[PDB]
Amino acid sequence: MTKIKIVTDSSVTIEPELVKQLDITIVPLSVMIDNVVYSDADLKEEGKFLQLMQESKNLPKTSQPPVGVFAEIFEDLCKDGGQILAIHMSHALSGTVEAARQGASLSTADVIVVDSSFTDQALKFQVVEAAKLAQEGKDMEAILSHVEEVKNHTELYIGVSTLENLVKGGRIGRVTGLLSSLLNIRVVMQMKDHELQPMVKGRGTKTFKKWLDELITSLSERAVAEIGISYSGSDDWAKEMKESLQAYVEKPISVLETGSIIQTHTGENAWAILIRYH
């Protein structure tokens, strides 16, 4: 057969050892910082991108991987005679997945391309479950079906402390019915069917804590398989959320600094709660 090979993009937020252990291939996005282009692959060191974005003259600008890079990576991976499954961030956030579709079509490899409908650790849940099944030698049908199951049992919540990065990066366009006369405000959103749906907005310092208490109430009678927490800036608030959420899931919670691609659009002092239910 040769086992199926899993591909994703560098919007995935994941422990780096897990990438190697499950033979996942990560296609890097890039980001321009004061007119200098960096590969996302060189911005994974804790706090490194944060510090560049804090000091850069210009707001950074993110870029999807080229069609051609996807085609070239798919060609090298299929030399073993295997199929490829590429799982990518939402088409609503990035052209990445369309680039993978074009790349697949240009390559001679047998390549299936799936839109995760998410990013960050929610994309991680799909990718990791795909790679686990791949390495057990499951076929493409079985992998796709289980990955869909993971997706359909996943929720993504995000909190931002400013809207300026979302406005300047354009992804404010995917936020449905948010009215704010202020950019410097705290907002919690749910990413649902490729839209960012606002759940609450507030200037005050308890906006996130109050929202969290409502989340925890709702988790009373859910069976939770995994919780991941991601953050930009310092991890203080993320660690506090972990303390209250860990009681609700057996598996230890991964608390991870999000990547440069997401930090560019969220700004500092953002966070995410990624939940996969049984």
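Start at 1 with the first residue shown and count on from there.
Trainee: Per the entry, where is the mean C-alpha temperature factor higher: 24 to 32 or 37 to 45?
Mentor: Mean C-alpha B-factor is greater for 37 to 45.
Trainee: Averaging CA B factors per stretch from the PDB record, which one is higher: 207 to 215 or 226 to 234?
Mentor: It is 207 to 215.
Trainee: Which one of 106, 85, 166, 188 shows the top CA temperature factor in the record?
Mentor: When the deposited C-alpha B-factors of 106, 85, 166, 188 are compared, 106 is largest.
Trainee: Name the one of 158, 179, 92, 143 with the greatest CA B-factor according to the PDB entry.
Mentor: Checking the PDB record, the top C-alpha B-factor among 158, 179, 92, 143 is at 179.
Trainee: Hey, what third does residue 275 fall into on Cα B-factor, ranked over its chain?
Mentor: It falls in the middle third of the chain.
Trainee: What third of the chain, by the recorded C-alpha B-factor, contains residue 194?
Mentor: Its C-alpha B-factor belongs to the middle third of this chain's values.
Trainee: Sort the modelled residues of this chain by their C-alpha B factor and say whether residue 77 lands in the lowest, middle or highest third.
Mentor: Tercile = highest for this residue's CA B-factor.
Trainee: Please place residue 117 in the lowest, middle or highest third of its chain by C-alpha B factor as given in the entry.
Mentor: Ranked within chain, residue 117 CA B lands in the lowest tercile.
Trainee: Lowest, middle or highest third: which one holds residue 97 when the chain's residues are ordered by CA B-factor from the entry?
Mentor: Within its chain, residue 97 is a lowest-third residue by C-alpha B-factor, going by the deposited values.
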